[PDB]
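Scroll down for the structure; my scribbles are underneath it.
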Amino acid sequence: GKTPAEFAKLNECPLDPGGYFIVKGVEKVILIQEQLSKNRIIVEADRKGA
Amino acid sequence: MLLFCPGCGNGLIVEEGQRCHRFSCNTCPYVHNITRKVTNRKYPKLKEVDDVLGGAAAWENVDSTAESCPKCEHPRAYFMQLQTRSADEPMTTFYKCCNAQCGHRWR
Amino acid sequence: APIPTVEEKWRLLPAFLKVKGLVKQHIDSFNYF
Amino acid sequence: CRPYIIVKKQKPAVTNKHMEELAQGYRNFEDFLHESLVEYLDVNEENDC
Amino acid sequence: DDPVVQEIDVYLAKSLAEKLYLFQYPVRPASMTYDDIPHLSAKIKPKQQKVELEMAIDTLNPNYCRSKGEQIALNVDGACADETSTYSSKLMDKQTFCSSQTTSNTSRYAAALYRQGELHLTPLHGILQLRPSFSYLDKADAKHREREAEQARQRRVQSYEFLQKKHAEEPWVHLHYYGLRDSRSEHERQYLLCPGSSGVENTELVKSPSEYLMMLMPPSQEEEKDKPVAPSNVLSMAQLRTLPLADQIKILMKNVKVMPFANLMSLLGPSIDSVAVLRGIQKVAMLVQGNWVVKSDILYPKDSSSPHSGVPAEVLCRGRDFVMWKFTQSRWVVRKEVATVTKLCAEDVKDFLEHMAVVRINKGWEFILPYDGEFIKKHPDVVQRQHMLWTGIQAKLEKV
Ligand SMILES: [Zn+2]
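Next comes the structure, spelled out in structure tokens:
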């Protein structure tokens, strides 16, 4: 909620995207993961073809 | 095709223990002795007969008429047809020519 | 006949970007948490 | 998800008057959502569109 | 689509509301009914409704394998005990059925009896599903086996034998039976037809469709944890009932900067008094060239500062009032250099011009929207009020 005028006092860039953490001085980003849905019927052909 | 006992609702079996065979359950004493015909089956299964006549087997199948190729037409390939899978599916035909060093054979 | 074209459809995109869109997923998820 | 403009009987739901209103500031995006002018679509649902 | 035929009426019979049951046999074709075979015994429990129905079986008929039946009876019943036997003879004389409940609540199901020109409805007391039971094999197995030979936290609630014991608590009830062939069935059938006048205006069913939709789609949230202060933009086209009209005008003039009078009655709608809104408007706007513009202080509260990425400064509305007075004095302001008069940075001047003016090439800035017939609305008095109020504000502003 700060305006750029106040951003200037904190030594931050108004254009900065944010959304990361600062831990011991380094900026860390928790990336988006990807995975299959649960509770779904899957029909699959075995390595033997069954 | 399958039958179920009306008395208890289970698959029945055929057995003989008297003058005539009978359709019988096994958890309830229901018996229905068979006395007429039925006209349907489970469609049995035996594998691909390919080389039982391979090569030049019994020459009783010599035939006269044959088709011809659209390109070359030397005197040696009389006609043929065969079948695909089972009782109630279509029957395929291929027309194949062979002298040497190619891979021609039509469908 | 030429079906008439809404020339300003694209103006919806800046409107959408004002509340959602870029980098807002991380912040919304953390806020909910 | 993705937003799309709804179409009925070969005319888009949105109209130049809505765009003029949005430019002037009378309405915002969520107004388009509530008046059934646009809607989100998921991968599974847009299989049927 | 006009009506064609058979505008049949419907009536509700409460005679058997707690007395009707619906049995069904998933394993039996509907063409093979049970009425032919005599029934012998039945049991029921009132709570957790379940039944045990005992069915006689023909033995004289040839399809009964007598040898197999004797073997089964020997396997299940004592060789010569016969004191408490599942069957009286040395062959099975009966087979048993057991019931399974389908759904806990049956309020939305009803049994309808058709009749010429009329339908008679009745609520069901329950629905049950009947299957043949194979427990005699278990009894035979048990007989074969008997012939062969600071406590921790309780978790007995979830155990099956708990429920078995709880069901066993309920005492059994024995029932008499009458088949469909008995005239007793037809006699009892009379109770479905509820008596009364054919045409009656029901006292209930007063809810209009809006109330019905409200009733069967209850609001998702009974009470919200926060109040809609709405400092930022919110749903606008819906005139929120919780939002008083004065604040409606406030937020609307905060969103759109300059706006003629007509669009106000266009947006609020004709339901609101057109005279009362004048009050809010004069608290929140003034006629430049016959069109309202929002105060500077509404956009610039006294506790704020220049938010734009140019030069921070103390909140100075006076520049906005100055350019606004210039717009009142002339149709369009040629002065690029308003900064020379009011001493802000050029970017602030351009921002101030942006809200209410548009650029014309080599011709300065022009008021964004044109003049109007301000006298059509019969308030020249408020026009004069604004006029000498602006005379006073100009006198104040002339100090700098
Ligand atoms: Zn059986």
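Residue numbers (the authors' numbering), protein chains in the order written: chain V, 149 to 198; chain Z, 1 to 107; chain L, 18 to 50; chain F, 593 to 641; chain A, 6 to 154, 183 to 433. Note that CB positions come from ideal geometry on N, CA and C, so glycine has one too.
One or two residues paired with residue 11 of chain Z in a DSSP bridge: Paired residue(s): Z:4.
Nearest-angstrom Cα separation, counted from residue 638 of chain F out to residue 184 of chain V: Residue 184 of chain V and residue 638 of chain F: Cα-Cα distance of roughly 19 Å.
Chain A contact residues for residue 55 of chain Z, given Cβ-Cβ distances below 7 Å: Simply none; closest approach about 58 Å.
6 Å CB neighbourhood of residue 105 of chain A in its chain, flanking five on each side removed: The residues are 134.
Under 8 Å between C-beta atoms of residue 83 of chain A and residue 90 of chain A: Cβ distance < 8 Å, so residue 83 of chain A and residue 90 of chain A count as in contact.
Contacts of residue 41 of chain L in chain F (Cβ-Cβ under 7 Å): Residues of chain F passing the Cβ test: none, with the nearest at roughly 13 Å.
Residue 26 of chain Z CB to nearest heavy atom of ligand 1 below 7 Å: Checking the 7 Å criterion, the Cβ of residue 26 of chain Z is within range of a heavy atom belonging to ligand 1.
Residue 25 of chain Z to residue 24 of chain A span [Cα, whole Å]: Straight-line Cα distance between these residues: approximately 39 Å.
Nearest neighbour of residue 622 of chain F, chosen from L:22, L:50, L:29 [CA to CA]: Residue L:29 is the option with its Cα nearest to residue 622 of chain F.
Interface partners of residue 269 of chain A on chain F, CB under 8 Å: From the beta-carbon of residue 269 of chain A, the residues of chain F found nearer than 8 Å are 618, 619, 620, 623.
Any chain F beta carbon closer than 8 Å to residue 129 of chain A: Answer no: the Cβ-Cβ gap between residue 129 of chain A and chain F never drops below 8 Å.
Residue 235 of chain A beta carbon near ligand 1 (any heavy atom closer than 7 Å): No.
Residues that residue 594 of chain F bridges to, as DSSP identifies them: Beta-bridge pairing links residue 594 of chain F to F:633.
Contact with chain F by residue 33 of chain L, beta-carbon distance below 8 Å: Residue-level contact by beta carbon holds for residue 33 of chain L and chain F, with a gap shorter than 8 Å.
Whether residue 168 of chain V touches residue 175 of chain V by CB criterion (8 Å): Cβ atoms of residue 168 of chain V and residue 175 of chain V: closer than 8 Å.
Within 7 Å of chain Z by C-beta, residues of the stretch 58-74 of chain A in sequence order: Within the stretch 58-74 of chain A, those residues whose Cβ lies closer than 7 Å to any Cβ of chain Z are, in chain order, 68, 69, 70, 73, 74.
CA-to-CA distance, residue 166 of chain V to residue 48 of chain L, given in whole angstroms: In a straight line, the C-alpha of residue 48 of chain L is about 13 Å away from that of residue 166 of chain V.
Contact under 8 Å by Cβ, residue 365 of chain A with residue 399 of chain A: Their beta carbons are under 8 Å apart, which means residue 365 of chain A touches residue 399 of chain A by this criterion.
Status (buried if at least 16 other CB within 10 Å, exposed otherwise) for residue 70 of chain A: The residue is buried, with at least 16 neighbouring Cβ atoms inside 10 Å.
Beta-bridge partners of residue 23 of chain Z, as assigned by DSSP: Z:14, Z:32.
Member of A:14, A:11, A:108, A:131 whose CA lies at the smallest distance from the CA of residue 26 of chain A: Checking every option, the nearest Cα to that of residue 26 of chain A belongs to A:131.
Closer than 8 Å to chain A by CB, residue 31 of chain Z: Yes - at least one Cβ of chain A is within 8 Å of the one on residue 31 of chain Z.
Test: residue 28 of chain A CB closer than 8 Å to a CB of chain Z: No, because no Cβ of chain Z sits closer than 8 Å to the Cβ of residue 28 of chain A.
Residue 421 of chain A, DSSP secondary structure in three states: It is helical.
Chain-ordered residues of the stretch 285-302 of chain A with a beta carbon less than 9 Å from chain F: Answer set for the stretch 285-302 of chain A: 285, 288, 289, 290, 292, 296, 300.
Three CB pairs or more closer than 8 Å across the stretch 335-349 of chain A and the stretch 300-320 of chain A: These segments do not touch.
Alpha helix (DSSP H) segment containing residue 71 of chain A, residue limits: Residue 71 of chain A -> alpha helix (DSSP H) spans 71-81.
Any non-hydrogen atom of ligand 1 within 7 Å of residue 10 of chain Z CB: In this structure, residue 10 of chain Z has its beta carbon less than 7 Å from a heavy atom of ligand 1.
is_contact[residue 626 of chain F, chain A] using C-beta, thresh 8 Å: Chain A, which has a Cβ nearer than 8 Å to the Cβ of residue 626 of chain F, makes this yes.
Residues near residue 354 of chain A in its chain [Cβ-Cβ closer than 7 Å; skip 5 each side]: Cβ neighbours of residue 354 of chain A beyond the five flanking positions: 329, 426, 430.
Residues in the stretch 23-55 of chain A having any Cβ partner in chain Z nearer than 7 Å: Answer in chain order: 32, 37.
Contact under 8 Å by Cβ, residue 15 of chain A with residue 213 of chain A: Not a contact, by the Cβ cut-off of 8 Å.
Per-residue contacts from residue 605 of chain F into chain L (C-beta, under 9 Å): Neighbours of residue 605 of chain F on chain L: none; closest Cβ ~10 Å, over 9 Å.
Contact list for the stretch 247-270 of chain A against chain F, Cβ threshold 9 Å: Against chain F - using a Cβ distance shorter than 9 Å - the residues of the stretch 247-270 of chain A are 266, 267, 268, 269, 270.
Residue span of the beta strand (DSSP E) that contains residue 164 of chain V, given as start and end: For residue 164 of chain V, no beta strand (DSSP E) run applies, since DSSP gives it neither H nor E.
beta-carbon residue 70 of chain A near ligand 1 non-hydrogen atom, thresh 7 Å: At a threshold of 7 Å, residue 70 of chain A does not count as near ligand 1, since its beta carbon sits no closer than that to any of the ligand's heavy atoms.
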